[PDB]
Amino acid sequence: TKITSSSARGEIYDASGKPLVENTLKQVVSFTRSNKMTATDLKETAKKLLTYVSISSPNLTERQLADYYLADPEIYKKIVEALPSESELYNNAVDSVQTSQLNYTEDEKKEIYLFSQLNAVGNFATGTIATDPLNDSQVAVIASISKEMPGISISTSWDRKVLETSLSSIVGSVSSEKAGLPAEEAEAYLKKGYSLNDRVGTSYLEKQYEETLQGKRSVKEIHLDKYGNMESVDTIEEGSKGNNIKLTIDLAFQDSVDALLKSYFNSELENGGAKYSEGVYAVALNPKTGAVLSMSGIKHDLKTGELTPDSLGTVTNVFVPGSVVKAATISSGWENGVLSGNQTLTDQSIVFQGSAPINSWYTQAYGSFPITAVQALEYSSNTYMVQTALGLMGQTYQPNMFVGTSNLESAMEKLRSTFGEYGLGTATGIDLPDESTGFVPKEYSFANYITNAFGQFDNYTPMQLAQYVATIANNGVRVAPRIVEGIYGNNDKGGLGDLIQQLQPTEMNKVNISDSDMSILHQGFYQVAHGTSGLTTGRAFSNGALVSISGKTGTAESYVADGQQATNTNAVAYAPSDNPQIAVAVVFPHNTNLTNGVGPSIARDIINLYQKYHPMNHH
Ligand SMILES: [Cl-]
Ligand SMILES: [Cl-]
């Protein structure tokens with residue numbers, strides 16, 4: 001019969017090898033029990049044990065001492081013998097019966113302590129021992145003569161803490177050792193084979209890579225007679241440490257992305273754009289490899305005005321995305337064959353039976369006129385995006401048309417299905433216990449369909465967004481975003497050793513459209529930044545850029561507390577346009593300023609930050 005004990009937990013390192021968490025080892029004495037060993041039996045061990053170990057402060061309470069004087073049964077007998085007019089109840093009386101003001105040798109007072117500690121253990125439990133820190137002889141003497149203090153043994157326990165660093169948030173947490181195994185999912189684990197008292201990640205990374213992090217568990221079994229009385233504890237095998245884990249993210253860069261966010265947010269908080277803003281989020285990738293460069297964010301409490309840092313924000317919160325999604329939609333055009341190559345449509349106000357016109361930002365000043373898909377992205381035409389929704393539904397626009405909704409349920413799914421190919425509304429496959437997968441309602445109206453066609457309906461996570469543009473920058477091959485780069489062993493000191501196995505990127509699916517369609521998409525994103533039209537939306541991308549950037553900017557509007565029309569200024573982009581090495585999305589919700597969206601501008605400076613970090617040009 002053997003007892004298990006979690007082993008040194010593995011550690012976590014940023015891209016650079018800077019460490020993120022703390023193991024603090026400390027060898028100590030565990031004491032088992034036994035419905036058998038007994039007051040007397042425990043005293044015997046107490047003294048034997050004090051021959052080894054150090055203890056100055058014995059701030060014993062009286063209630064304790066009482067219990068120790070009563071330890072001799074005779075004693076207890078004789079004590080009760082004296083009380084006048086239920087076991088523990090009558091213990092309760094007898095306990096308080098003896099006036100306790102009575103002497104004990106000062107070294108006395110010390111194994112009375114232990115005894116308290118020893119007694120404190122539940123039957124069959126294995127407890128520890130409020131002691132006085134231990135050297136190496138003191139310790140390894142015990143290593144040898146447990147079997148001479150039937151029960152006792154010394155264990156290596158550990159504290160695990162998280163360092164203050166931008167990534168702290170992501171790391172997650174592990175169960176304390178006083179905690180054990182959190183019932184909730186608790187059972188599922190015993191089935192996977194864990195000792196009950198183990199310590200496991202409760203969330204995020206600590207949980208995600210549990211397999212590999214968990215250090216092989218330490219071991220001891222116990223012997224005893226046909227009568228159950230303890231005979232001695234024993235070590236079959238002491239535990240080792242875990243494997244380690246190196247991240248795709250480099251601190252300094254994540255760090256500097258973050259002030260960039262602060263800088264920009266303060267700007268908007270200053271000039272008042274941000275009064276109603278919940279915050280701002282930004283995520284960066286390698287589009288080809290799916291590695292994460294940084295996930296940054298800033299929560300802003302509207303009540304106290306205070307600003308709190310938030311990185312999980314990327315994977316946990318959802319926003320209406322706005323114009324940043326039109327590609328998805330055009331791409332549903334092509335798959336379902338409503339658009340042919342670079343399709344020409346006519347930009348005109350969209351009006352349905354007895355209801356508000358539906359328009360693009362330019363639409364009413366420019367009257368109606370024709371326009372290519374490439375152009376449609378350039379000027380961010382909703383009409384085109386809505387004429388295309390219509391297409392899927394199988395109808396073609398006439399002014400004032402009644403719409404038969406028979407093809408609706410079918411239509412919304414077709415579109416939605418494409419969005420999901422890009423990562424929008426579908427799981428990313430990120431390496432974490434739980435990404436929220438958007439706000440895609442199944443109960444939806446017709447208005448809902450058409451507004452979904454320009455990203456004013458379904459709600460998306462910032463992490464989803466990055467993936468969607470990353471996919472475009474990859475040529476329609478969606479790669480699962482991962483935060484871990486490689487698993488690494490240990491070195492002689494116990495720090496970052498070296499390569500166990502490098503994690504390779506995993507392809508989620510290819511977006512089925514032609515290359516020539518994909519290139520037609522690429523051209524648009526290119527002209528959203530470099531275009532020379534009075535209508536071009538994102539020349540902001542190109543202002544002061546260190547490399548050629550292609551992106552797509554976004555606004556969606558609305559409601560905003562006791563308000564007030566206001567909008568989101570998200571923006572997705574990648575680069576270099578020629579040979580895309582970084583993909584980014586920035587979401588900046590309920591913005592007040594509505595005039596010049598700082599979403600693109602932010603993403604530019606992110607990219608700029610990165611290339612100033614890791615030059616990407618260099619044919
Ligand atoms: Cl304004
Ligand atoms: Cl600017």
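Definitions and limits used
Residues numbered from 1 in each chain as written, not as in the entry; some residues may be left out. Chains lettered and ligands numbered in written order. Heavy atoms only, no water. Helix = DSSP H or I, 4+ residues; strand = E, 2+ residues; numbered from the N terminus. Rg over C-alpha atoms; globule rule 2.2 N^0.38 Å. Buried < 20%, exposed > 50% of the residue type's maximum accessible area, 1.4 Å probe, protein only. Areas by Shrake-Rupley, 256 points an atom, 1.4 Å probe, with all protein chains shown as cover. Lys, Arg positive; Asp, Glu negative; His and termini not counted. Charge placed at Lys NZ, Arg CZ, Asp CG, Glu CD. Pairing = 2+ DSSP bridges. Axes fitted to C-alpha atoms, helices over the stretch in contact; angles between N-to-C directions. Contact = heavy atoms within 4.5 Å. Polar contact = N/O pair within 3.5 Å; in protein donor to acceptor, adjacent residues only side chain to side chain. UniProt positions renumbered as here; feature names shortened; annotations may be inferred. Left-handed = near helix turned anticlockwise from the far one by under 90°. Nonpolar A, V, L, I, M, F, W, Y, C, P; charged D, E, K, R; others polar. Salt bridge = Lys/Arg side-chain N within 4 Å of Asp/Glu carboxyl O.

1. A closer look at the overall build of the chain
Part 1: Across its full length, the chain carries 21 helices and 25 strands.
Part 2: At 33 Å, the chain has a C-alpha radius of gyration far larger than the 25 Å of a compact globule built from 619 residues.
Part 3: Along the longest, intermediate and shortest principal axes, the C-alpha atoms of the chain span 105 × 60 × 50 Å.
Part 4: Relative to its full complement of 619 residues, the chain shows a buried share of 49%.
Part 5: Accessible surface for the chain amounts to roughly 29000 Å². Of this, 50% is attributable to carbon and sulfur atoms.
Part 6: Of the charged side chains in the chain, 45 are positive and 66 negative, and the gap between their average positions amounts to 2 Å.

2. Re the sheet that holds strand β25 (residues 582-587)
Sheet strands pair via backbone hydrogen bonds, and the direction of the pair is either parallel or antiparallel.
Part 1: Reading across from one edge, β14-β13-β12-β25-β24-β21 is the order of the six strands in this open sheet, with antiparallel pairing throughout. Bordering the open sheet on either side are β14 (307-309) and β21 (550-553), each of which pairs with just one other strand. Recorded for the sheet is a direction-independent mean angle of 10 degrees between the axes of neighbouring strands.
Part 2: One ladder, built from five bridges, connects strand β12 (residues 279-285) with β25; its direction is antiparallel. If you follow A282 over to β25, its bridge partner there is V586.
Part 3: Lying on the sheet, helix α18 (residues 462-474) is in contact with β12, β13 (292-300), β24 (571-575) and β25; it crosses β12 at an angle near 35 degrees.

3. Quick word on the side chain of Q254
Part 1: Its location among the elements puts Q254 in helix α11 (residues 251-270).
Part 2: On the accessibility criterion, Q254 (0% relative accessible area) is buried.
Part 3: From its side chain, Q254 meets the backbone nitrogen of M295 in a polar contact 3.1 Å long.
Part 4: Residues in contact with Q254, not counting those within four places in the same chain, are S166, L167, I249, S294, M295, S296 and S311.

4. Considerations on the UniProt feature "active site" in the chain
Part 1: As annotated by UniProt and renumbered to match this structure, "active site" occupies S323.
Part 2: Structurally, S323 can be placed in the loop between α12 (313-316) and α13 (326-335).
Part 3: Residue classification places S323 among the buried positions, given a relative accessible area of 7%.
Part 4: Aside from chain neighbours lying at most four places away, what touches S323 is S380, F454, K552, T553, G554 and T555.

5. Topic: the sheet that holds strand β4 (residues 126-127)
Part 1: Pairing is antiparallel across the open sheet formed by three strands, whose spatial order is β4-β3-β5. Strands at the two margins of the open sheet, each flanked by one partner only, are β4 and β5 (153-162).
Part 2: Judged from the two bridges that link them, strand β3 (residues 21-32) and β4 form a sheet pairing that is antiparallel. Bridged to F31 within β4 is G127.

6. Concerning the packing of α13 against helix α15 (residues 382-393)
Helix-helix packing: each pair is described by the crossing angle between the helix axes and the interaxial distance.
Part 1: It is at 9 Å that the axes of α13 and α15 come closest, and there the two elements cross at 35 degrees. As for how α13 packs across α15, the hand of that crossing is left-handed. Residues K326, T329, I330, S332 and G333 of α13 form the contact with α15, whose participating residues are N382, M385, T388 and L392.
Part 2: Looking at the contact of α13 with α15 residue by residue, the class counts come to three nonpolar, five polar and one charged.

7. What about the pattern of salt bridges?
Part 1: Within this structure, the stated rule accounts for 11 salt bridges.
Part 2: Here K26 makes a salt bridge to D159, at a shortest N to O gap of 3.8 Å.
Part 3: As a salt-bridge pair, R217 and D198 come within 2.8 Å of each other at their nearest N and O atoms. In this pair, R217 is assigned in strand β8 (residues 215-221) and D198 in the loop between α8 (183-192) and β7 (201-203), connecting sequence segments 19 residues apart.

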